Chemist: 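The structure under discussion is supplied below as structure tokens; questions concerning it will follow.
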Amino acid sequence: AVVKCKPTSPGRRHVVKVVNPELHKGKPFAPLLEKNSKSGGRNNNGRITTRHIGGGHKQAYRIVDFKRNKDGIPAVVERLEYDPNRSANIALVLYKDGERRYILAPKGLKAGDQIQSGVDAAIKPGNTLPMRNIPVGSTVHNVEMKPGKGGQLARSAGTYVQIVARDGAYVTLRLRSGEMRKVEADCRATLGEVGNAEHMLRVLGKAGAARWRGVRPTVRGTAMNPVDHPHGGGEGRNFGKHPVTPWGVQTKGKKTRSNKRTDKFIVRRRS
Amino acid sequence: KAXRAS
Amino acid sequence: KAXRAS
Amino acid sequence: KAXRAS
Amino acid sequence: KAXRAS
Amino acid sequence: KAXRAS
Amino acid sequence: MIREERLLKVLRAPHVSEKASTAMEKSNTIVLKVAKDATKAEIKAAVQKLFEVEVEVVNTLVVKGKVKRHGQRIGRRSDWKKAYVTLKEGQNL
Amino acid sequence: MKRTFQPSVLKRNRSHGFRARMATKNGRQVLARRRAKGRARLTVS
RNA sequence: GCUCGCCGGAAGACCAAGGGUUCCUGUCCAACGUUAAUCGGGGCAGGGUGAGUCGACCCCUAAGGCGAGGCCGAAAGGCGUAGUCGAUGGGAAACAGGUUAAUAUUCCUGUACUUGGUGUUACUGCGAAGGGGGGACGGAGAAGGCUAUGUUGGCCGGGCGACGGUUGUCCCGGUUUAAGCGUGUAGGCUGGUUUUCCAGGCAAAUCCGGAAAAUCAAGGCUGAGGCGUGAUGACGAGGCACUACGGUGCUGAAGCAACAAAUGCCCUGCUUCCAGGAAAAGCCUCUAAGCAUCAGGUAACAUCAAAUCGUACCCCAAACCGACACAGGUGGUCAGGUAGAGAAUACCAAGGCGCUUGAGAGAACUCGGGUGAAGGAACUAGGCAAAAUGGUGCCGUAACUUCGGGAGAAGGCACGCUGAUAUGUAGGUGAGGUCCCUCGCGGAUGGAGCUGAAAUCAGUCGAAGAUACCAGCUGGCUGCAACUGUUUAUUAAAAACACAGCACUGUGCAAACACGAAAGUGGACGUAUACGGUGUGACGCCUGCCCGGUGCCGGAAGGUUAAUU
RNA sequence: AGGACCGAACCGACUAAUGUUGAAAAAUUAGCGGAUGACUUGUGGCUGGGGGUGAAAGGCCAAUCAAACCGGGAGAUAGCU
Ligand SMILES: [K+]
Ligand SMILES: [K+]
Ligand SMILES: [K+]
Ligand SMILES: [K+]
Ligand SMILES: [K+]
Ligand SMILES: [K+]
Ligand SMILES: [K+]
Ligand SMILES: [K+]
Ligand SMILES: [K+]
Ligand SMILES: [K+]
Ligand SMILES: [K+]
Ligand SMILES: [K+]
Ligand SMILES: [K+]
Ligand SMILES: [K+]
Ligand SMILES: [K+]
Ligand SMILES: [K+]
Ligand SMILES: [K+]
Ligand SMILES: [Mg+2]
Ligand SMILES: [Mg+2]
Ligand SMILES: [Mg+2]
Ligand SMILES: [Mg+2]
Ligand SMILES: [Mg+2]
Ligand SMILES: [Mg+2]
Ligand SMILES: [Mg+2]
Ligand SMILES: [Mg+2]
Ligand SMILES: [Mg+2]
Ligand SMILES: [Mg+2]
Ligand SMILES: [Mg+2]
Ligand SMILES: [Mg+2]
Ligand SMILES: [Mg+2]
Ligand SMILES: [Mg+2]
Ligand SMILES: [Mg+2]
Ligand SMILES: [Mg+2]
Ligand SMILES: [Mg+2]
Ligand SMILES: [Mg+2]
Ligand SMILES: [Mg+2]
Ligand SMILES: [Mg+2]
Ligand SMILES: [Mg+2]
Ligand SMILES: [Mg+2]
Ligand SMILES: [Mg+2]
Ligand SMILES: [Mg+2]
Ligand SMILES: [Mg+2]
Ligand SMILES: [Mg+2]
Ligand SMILES: [Mg+2]
Ligand SMILES: [Mg+2]
Ligand SMILES: [Mg+2]
Ligand SMILES: [Mg+2]
Ligand SMILES: [Mg+2]
Ligand SMILES: [Mg+2]
Ligand SMILES: [Mg+2]
Ligand SMILES: [Mg+2]
Ligand SMILES: [Mg+2]
Ligand SMILES: [Mg+2]
Ligand SMILES: [Mg+2]
Ligand SMILES: [Mg+2]
Ligand SMILES: [Mg+2]
Ligand SMILES: [Mg+2]
Ligand SMILES: [Mg+2]
Ligand SMILES: [Mg+2]
Ligand SMILES: [Mg+2]
Ligand SMILES: [Mg+2]
Ligand SMILES: [Mg+2]
Ligand SMILES: [Mg+2]
Ligand SMILES: [Mg+2]
Ligand SMILES: [Mg+2]
Ligand SMILES: [Mg+2]
Ligand SMILES: [Mg+2]
Ligand SMILES: [Mg+2]
Ligand SMILES: [Mg+2]
Ligand SMILES: [Mg+2]
């Protein structure tokens with residue numbers, strides 16, 4: 001449920017929380033946990049390479065099964081869990097042989113539901129098949145881009161891909177961006193949408209809530225001195241130049257895709 | 001791949 | 001010793 | 001207590 | 001002074 | 001004991 | 001078994017002081033200056049061989065040498081090891 | 001007021017000690033220069 | 001030495017860091033010490049630091065560092081795999097009393113505990129670089145049970161008062177005791193037990209995970225405190241005997257209860273929330289290859305071992321960082337009494353100090369304060385400064401509002417002490433007894449004793465009862481910024497920055513983008529409900545016209561146009 | 001519950017006076033703001049100079065910052081004093 005906080009303090013007035021009562025209140029499944037490495041957006045040279053990253057809550061990494069390659073063996077959803085590492089929720093699934101895994105929780109999937117991967121799996125949400133075996137027009141998520149590599153497309157909360165056509169070795173996919181892209185038909189996809197579609201209706205409500213997520217403040221280029229940013233300078237609020245990145249590239253319309261290797265696969269750009 | 005474990 | 005960092 | 005006295 | 005408020 | 005030389 | 005050549009090098013001098021005198025009279029403990037690299041086991045072995053007394057236990061400490069001045073020229077005395085060697089009751093050096 | 005020198009022997013030795021100097025060619029050049037000058041104390045060590 | 005004053009959540013005590021002999025004793029007073037100095041953190045000499053259990057070393061890892069090969073780079077080098085380092089984190093064990101001029105959980109006394117090596121006795125599936133378990137984790141909140149600790153009584157010892165009174169409902173002091181071992185309690189967690197089987201845990205597994213039966217309705221795990229023992233001991237007010245007036249030696253009473261009570265312990269708990277909360281080893285368990293009347297395991301006993309280095313002293317400071325014996329700076333720990341909500345504040349205890357020039361005098365003027373006739377902002381750029389307000393309980397409280405607020409709005413009344421209700425009430429705690437008793441760390445009744453608000457009525461003192469310290473000034477109109485935050489270390493704290501929210505735009509993942517001659521790395525162990533860039537800046541109502549210019553996006557027929565030929 | 005409220009520790013630095021060859025190369029005193037958080041703090045680590053880092057003041061990067069410090073080119077050059 002999407003819940004508005006009452007304005008008992010000014011930092012609470014605008015808060016809108018997504019409260020899912022079905023998520024496991026307890027601890028995550030410890031065999032599928034690893035540590036994360038907080039970067040502060042710094043690379044191995046120790047330099048900030050992505051600005052505005054730092055702090056926020058400590059997070060354990062849940063090993064999610066994006067490959068969904070345990071074919072033939074049914075699994076039962078034990079519980080839905082909060083995952084701090086991503087927008088989607090995850091589902092702890094128990095395979096009939098005793099193996100536990102995490103998957104991305106699809107929309108609708110709940111504790112007790114049966115899932116299965118493979119060529120012969122039923123067309124139902126949470127099942128994973130090669131897109132060769134998924135009907136054209138189907139809604140899918142966690143879509144592989146190379147066979148056996150693991151799902152890379154439509155993993156964020158509420159996202160999905162439409163299989164719009166199948167022609168030979170390739171399917172054509174309508175991505176959430178609006179891009180039409182070809183992928184090999186041998187690539188796997190999970191049926192249904194990624195759950196937690198209410199994610200986008202959250203309102204952080206205060207500066208501190210972004211800080212909890214490890215987002216540090218954005219300083220506007222125009223608030224700086226010329227030495228620091230192309231936009232810097234001026235007696236009072238001045239601008240008078242084409243908007244650019246801190247490194248001087250135009251930042252209002254200029255296209256930056258340059259990948260001749262993958263151009264072949266793009267049927268139609270998002271435009 | 002990667003210091004986390006890969 | 002090792003991909004965790006040791 | 002309690003400022004009322006205690 | 002307290003429990004009562006103070 | 002002597003590693004100094006004895 | 002430590003070699004006798006080693007044992008003949010480890011004990012350097014009896015340490016003369018009020019504390020050492022009190023140690024011997026009250027607690028049956030001789031205080032020795034010992035080689036800086038002397039272990040408790042070597043000091044025990046040496047005292048038993050050379051003084052011919054039963055040793056109960058050796059306690060050891062390193063005395064850090066004092067910084068001193070000789071005609072407004074700064075110097076430091078050497079560090080040295082002190083051993084409190086507790087003899088078994090009734091040995092009497 | 002907190003002044004600039006806040007001593008830590010560990011940080012001193014890690015920053016400027018003999019082994020830190022020996023770890024790089026530029027640090028070994030420091031030691032070469034200080035030996036050539038005839039410094040009594042080559043490093044903070 | 002007596003008195004006085006000051007600190008006492010410190011100006012006491014113990015440490016880490018840092019320093020390094022500053023420690024203790026003797027001796028000296030040139031210099032050092034903002035004065036003198038017989039004194040000193042000064043000179044000189046001598047002394048002083050005692051560990052299986054405290055810490056380091058050590059085993060284990062984090063960030064990160066280094067990094068055989070390797071990948072990359074004119075060279076230098078960069079990155080990184082196995083590795084290997086790296087605590088600020090995980091990993092065995094000791095307490096009380098006594099003692100030195102100066103060390104003590106280290107010495108001594110008493111009483112313990114841990115790990116490992118040998119040897120022996122008995123019983124034995126052992127075996128890891130592998131599997132599994134465990135270690136192993138957040139914020140907030142709430143309550144119960146406790147203890148530290150305090151207070152009072154009882155007890156024991158001493159007292160009978162410099163001035164009225166003081167054999168009592170009187171005064172002073174003491175009333176302390178550990179780890180360990182035994183017991184298992186308030187509380188917390190979890191169904192147990194066997195059998196059969198299995199696409200998982202790289203192989204295997206008797207382990208873990210899974211499935212199905214049977215069967216029992218209870219077991220198990222955890223756990224403060226208490227109690228017992230430790231302890232016929234130790235300690236002990238004091239007295240006595242010595243005194244080289246510093247202190248030695250001896251002797252030793254009571255040593256209980258009730259009540260109050262932590263921020264400590266049960267509690268790595270419980271409840272709840274979202275921002276979803278290290279790792280690795282020790283440890284436990286499983287087997288592999290291998291070993292197979294052995295090795296090895298297990299338990300019992302004996303025996304040996306536990307090295308090395310630190311340990312003095314200062315440590316909110318005269319010993320560290322500040323050139324100084326410098327109003328500065330510096331992390332952790334301990335937490336007495338009366339009043340108090342309190343770690344505020346006042347006064348005190350333990351303990352520590354009076355700040356290393358003094359003596360006079362009692363001008364102007366300066367500094368820090370106190371009081372002020374009448375007036376009361378007339379001062380001034382400006383009420384700057386000062387003065388004022390200030391507590392608790394209750395009554396009461398406007399516009400406006402996003403319905404939370406505004407609000408402690410405003411304003412008002414009561415307030416000490418004594419007695420009574422009731423020689424101390426409601427409440428809290430709870431003995432002996434009596435009664436059941438899975439006959440006990442149990443339940444039921446029982447109220448002694450202890451603690452103890454609040455109210456009302458009646459009195460009573462003062463000018464004044466929130467009497468000190470402590471402790472909101474209030475209201476009205478308006479600019480700006482929604483808000484909490486952030487900032488020019490050292491003249492600017494703001495209307496500036498940020499901010500949630502909004503929009504545009506890029507980005508299909510080997511993402512855009514960024515750091516990198518590169519390899520790589522960040523972005524992200526993310527994947528368009530995502531990520532980067534830009535502008536705007538909560539929310540409400542909204543956001544009009546212009547694409548000529550400059551960008552950007554798309555087009556590409558035609559004109560012009562590079563190397564090349 | 002809360003970037004909630006009052007208020008110590010703790011963090012800060014709005015006003016005034018003092019001090020300005022200071023007790024102090026930025027403090028003291030009286031008031032002042034935050035005080036469960038976008039908090040604060042110990043230990044260690046990483047980022048390096050046209051470089052870092054910056055809730056952005058050209059702030060900060062060892063009392064130094066519109067380009068640190070040290071050494072070197074170096075006796076730069078100085079139609080100026
Ligand atoms: K901004
Ligand atoms: K500008
Ligand atoms: K800068
Ligand atoms: K500007
Ligand atoms: K400006
Ligand atoms: K004098
Ligand atoms: K040791
Ligand atoms: K060692
Ligand atoms: K009297
Ligand atoms: K113990
Ligand atoms: K006991
Ligand atoms: K010591
Ligand atoms: K220290
Ligand atoms: K205003
Ligand atoms: K301000
Ligand atoms: K245009
Ligand atoms: K520079
Ligand atoms: Mg950003
Ligand atoms: Mg999530
Ligand atoms: Mg992440
Ligand atoms: Mg923004
Ligand atoms: Mg500016
Ligand atoms: Mg520019
Ligand atoms: Mg203008
Ligand atoms: Mg203009
Ligand atoms: Mg001993
Ligand atoms: Mg020692
Ligand atoms: Mg000296
Ligand atoms: Mg002294
Ligand atoms: Mg003098
Ligand atoms: Mg001296
Ligand atoms: Mg490397
Ligand atoms: Mg190691
Ligand atoms: Mg450590
Ligand atoms: Mg001492
Ligand atoms: Mg008690
Ligand atoms: Mg009299
Ligand atoms: Mg607290
Ligand atoms: Mg000491
Ligand atoms: Mg002084
Ligand atoms: Mg000082
Ligand atoms: Mg402090
Ligand atoms: Mg106080
Ligand atoms: Mg005067
Ligand atoms: Mg006055
Ligand atoms: Mg007047
Ligand atoms: Mg008057
Ligand atoms: Mg008036
Ligand atoms: Mg006027
Ligand atoms: Mg005037
Ligand atoms: Mg004022
Ligand atoms: Mg005043
Ligand atoms: Mg105006
Ligand atoms: Mg503001
Ligand atoms: Mg503010
Ligand atoms: Mg300033
Ligand atoms: Mg200012
Ligand atoms: Mg990448
Ligand atoms: Mg703006
Ligand atoms: Mg417009
Ligand atoms: Mg607050
Ligand atoms: Mg500041
Ligand atoms: Mg102040
Ligand atoms: Mg406020
Ligand atoms: Mg406050
Ligand atoms: Mg400017
Ligand atoms: Mg500076
Ligand atoms: Mg320059
Ligand atoms: Mg030249
Ligand atoms: Mg010149």
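Side chains included, hydrogens not; waters and symmetry mates left out as well; all remaining heavy atoms used. Order of the sequence lines sets the chain letters (A, B, ...), proteins ahead of strands, with each chain counted from 1.
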Chemist: Can I:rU152 and I:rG246 be counted as paired, Watson-Crick or G-U wobble, both distances less than 3.5 Å?
Modeler: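 I:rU152/I:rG246: base pair absent.
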Chemist: Checking base pairs now: Watson-Crick or wobble, both atom distances under 3.5 Å. What partners I:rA300?
Modeler: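 Its partner is I:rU120.
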Chemist: Report the distance from atom CG of A:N225 to atom P of I:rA496, rounded to the nearest whole Å.
Modeler: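 Rounding to the nearest Å, CG of A:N225 and P of I:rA496 are 16 Å apart.
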Chemist: Answer with base, sugar-phosphate or nothing: what part of the nucleic acid does A:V244 contact at a heavy-atom distance below 4.0 Å?
Modeler: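 Sugar-phosphate contact only.
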Chemist: Can you tell me how far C1' in I:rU103 sits from the matching atom in I:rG50, rounded to whole Å?
Modeler: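 The same atom, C1', in both gives a distance of 8 Å.
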Chemist: Starting at NZ of E:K1 and ending at P of I:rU392, how long is that distance when rounded to a whole Å?
Modeler: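 Those two atoms, NZ and P, are 7 Å apart.
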Chemist: Is I:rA36 base-paired to I:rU561, counting Watson-Crick or G-U wobble with both distances below 3.5 Å?
Modeler: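 No pair, by the stated definition.
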Chemist: Among I:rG404, I:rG532, I:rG535, which nucleotide has an atom closest to any side-chain atom of A:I53?
Modeler: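 For A:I53, the side-chain atoms sit closest to I:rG532.
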Chemist: Compare the minimum distances between each of I:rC509, I:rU308, J:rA4 and the side chain of A:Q152, then state the nucleotide with the smallest one.
Modeler: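 So the nucleotide nearest the side chain must be I:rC509.
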Chemist: RNA chain J: H:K2 or A:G208, which has the more 5' nearest nucleotide?
Modeler: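 Residue closer to the 5' terminus by nearest nucleotide: A:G208.
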Chemist: In the structure shown, which nucleotide is the Watson-Crick or G-U wobble counterpart of I:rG77, with both distances under 3.5 Å?
Modeler: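 Here I:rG77 is engaged in a pair, and the nucleotide opposite it is I:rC72.
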Chemist: Taking the minimum atom-to-atom distance to the side chain of A:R47, which one of J:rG3, I:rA503, J:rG51 wins?
Modeler: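 Nearest to the side chain of A:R47 among the choices is J:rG51.
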Chemist: Look through every strand shown and name the nucleotide pairing with I:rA422 as Watson-Crick or G-U wobble, where both distances are under 3.5 Å.
Modeler: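 Across all strands, not a single nucleotide pairs with I:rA422.
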Chemist: Sign of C1'-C2'-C3'-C4' at I:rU190: does that make it north or south?
Modeler: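 Taking the sign of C1'-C2'-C3'-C4' as the criterion, I:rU190 has a north sugar, on the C3'-endo side.
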Chemist: Does I:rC66 have a Watson-Crick or wobble partner in any strand here, with both distances under 3.5 angstrom, and which is it?
Modeler: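 Per the H-bond distance test, I:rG83.
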Chemist: Give a yes or no on whether a salt bridge exists between A:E179 and A:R268, defined as a side-chain N under 4.0 angstrom from a carboxylate O.
Modeler: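 Here A:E179 does not pair with A:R268 in a salt bridge, since their nearest N and O are not under 4.0 Å apart.
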Chemist: What about I:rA51 and I:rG52, stacked or not, using centres under 5.5 Å and planes under 30°?
Modeler: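 Judged by ring centres under 5.5 Å and planes under 30°, these neighbouring bases do not count as stacked.
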Chemist: Using atom P in both nucleotides, what's the gap between I:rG55 and I:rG5 to the nearest angstrom?
Modeler: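 Roughly 47 Å separates the two P atoms.
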Chemist: Assign the ring pair A:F29 / A:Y102 to parallel, tilted or perpendicular, where the plane angle (0 to 90°) is split at 30° and 60°.
Modeler: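 Perpendicular.
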Chemist: Once you apply a heavy-atom cut-off of 4.0 Å, does G:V63 come out as touching a base, just sugar-phosphate, or nothing?
Modeler: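 No contact at all - G:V63 keeps every heavy atom at 4.0 Å or more from the nucleic acid.
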Chemist: Of all the nucleotides listed (J:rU53, I:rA528, I:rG48), which has the minimum atom distance to the side chain of A:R270?
Modeler: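 So the side chain of A:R270 is nearest to I:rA528.
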Chemist: Spell out yes or no: do the side chain of A:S177 and the base of I:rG508 have one donor N/O and one acceptor N/O closer than 3.5 Å?
Modeler: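 Side chain to base: pair found, below 3.5 Å.
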Chemist: Answer yes if I:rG20 and I:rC483 form a Watson-Crick or G-U wobble pair with both distances under 3.5 Å, and no otherwise.
Modeler: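 Between I:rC483 and I:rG20 there is no Watson-Crick or G-U pair with both distances under 3.5 Å.
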Chemist: Could you tell me whether the side chain of A:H14 has a donor or acceptor atom within less than 3.5 Å of a complementary atom in the base of I:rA500?
Modeler: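 Between I:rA500 and A:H14, which were checked side chain against base, a qualifying N/O pair under 3.5 Å is absent.
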Chemist: Using a strict threshold of under 4.0 Å (side-chain N to carboxylate O), is an ion pair present between A:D65 and A:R100?
Modeler: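 Salt bridge between A:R100 and A:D65, a charged N being under 4.0 Å from a carboxylate O: no.
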Chemist: Taking a pair to be Watson-Crick or G-U wobble with both distances under 3.5 Å, do I:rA112 and I:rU53 qualify?
Modeler: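 Pair flag for I:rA112 and I:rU53 is true.
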Chemist: Check the pair A:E193 / A:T139 against side-chain contact (heavy atoms from CB on, under 4.5 Å), numbers first and verdict last.
Modeler: CA-CA 7 Å; A:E193 308 183 3; A:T139 302; 3.8 Å; yes
Chemist: Establish whether I:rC513 and I:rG485 are paired, applying the Watson-Crick or G-U wobble definition with both distances under 3.5 Å.
Modeler: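 Result no; criteria under 3.5 Å not both met.
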Chemist: Send over the distance from A:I115 CD1 to I:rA199 P, rounded to a whole Å.
Modeler: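 After rounding, the reported distance stands at 20 Å.
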Chemist: Is there a donor and acceptor pair closer than 3.5 Å between the side chain of G:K82 and the base of I:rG48?
Modeler: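 No such pair is found, so the answer is no.
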Chemist: Would you measure the distance from the P atom in I:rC189 across to the matching atom in I:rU175 and give it in whole Å?
Modeler: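 My reading of the P atoms in I:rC189 and I:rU175 gives 43 Å.
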Chemist: Look at the side chain of A:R13 and the base of I:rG404, then say whether one donor and one acceptor between them are separated by less than 3.5 Å.
Modeler: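 Checked by distance alone, the answer is yes.
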Chemist: With a 3.5 Å limit on both atom pairs, tell me what I:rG404 is paired to, counting Watson-Crick and G-U wobble, or say none.
Modeler: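 Its partner is none (no Watson-Crick or G-U wobble pair with both distances under 3.5 Å).
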Chemist: So what's I:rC347 paired with, Watson-Crick or G-U wobble, going by both distances under 3.5 Å?
Modeler: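 Answer to the pairing question: I:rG337, which forms a Watson-Crick or G-U pair with I:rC347.
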Chemist: For the ring pair A:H24 and A:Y82, is the centre-to-centre distance below 6.0 Å?
Modeler: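 They do not qualify: ring centres at least 6.0 Å apart.
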Chemist: What pucker does I:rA128 have, north or south, from the sign of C1'-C2'-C3'-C4'?
Modeler: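 South pucker for I:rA128; the sign of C1'-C2'-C3'-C4' is negative.
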Chemist: May I ask you to verify whether the side chain of A:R176 and the base of I:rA528 hold a donor-acceptor pair under 3.5 Å?
Modeler: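 No such pair is found, so the answer is no.
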Chemist: Taking atom types as they are modelled, is there a donor-acceptor pair under 3.5 Å from the base of I:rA17 to the side chain of H:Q6?
Modeler: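 Result: no qualifying N/O pair found.
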Chemist: Could you state the CZ-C1' distance from A:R202 to I:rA275, rounded to the nearest angstrom?
Modeler: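 The answer, rounded to whole Å, is 11 Å.
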Chemist: In whole angstrom, what separates A:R51's CZ from I:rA524's P?
Modeler: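 Those two atoms, CZ and P, are 15 Å apart.
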Chemist: Is any N or O donor-acceptor pair between the side chain of A:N43 and the base of I:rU521 shorter than 3.5 Å?
Modeler: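 Such a pair exists between side chain and base.
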Chemist: Grab the CG-P distance between A:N36 and I:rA62 for me, whole Å please.
Modeler: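 About 15 Å, once rounded to whole Å.
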Chemist: Does any nucleotide pair with I:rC235 by Watson-Crick or G-U wobble geometry, both distances under 3.5 Å, and what is it?
Modeler: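 Pairing partner, where one exists within any strand: I:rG255.
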Chemist: Partner of I:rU194 by Watson-Crick or G-U wobble geometry, both contacts under 3.5 Å, or none?
Modeler: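 Across all strands, the one nucleotide that pairs with I:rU194 is I:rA213.
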Chemist: Whether the H:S8 and H:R14 side chains hold a donor-acceptor pair (N or O, under 3.5 Å, no angle test) is what I'd like checked.
Modeler: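 Their side chains do not contain a donor-acceptor pair, so the 3.5 Å distance test is not met.
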Chemist: Are A:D97 and A:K70 close enough, and set up right, to give a side-chain contact (heavy atoms from CB on, under 4.5 Å), and what steps lead you there?
Modeler: CA-CA 11 Å; A:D97 60 14; A:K70 197 176 170 74; 2.8 Å; yes
Chemist: Of the candidate nucleotides I:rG48, I:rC309, I:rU527, which contains the atom at the shortest distance from the side chain of G:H15?
Modeler: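 From the listed options, I:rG48 comes nearest.
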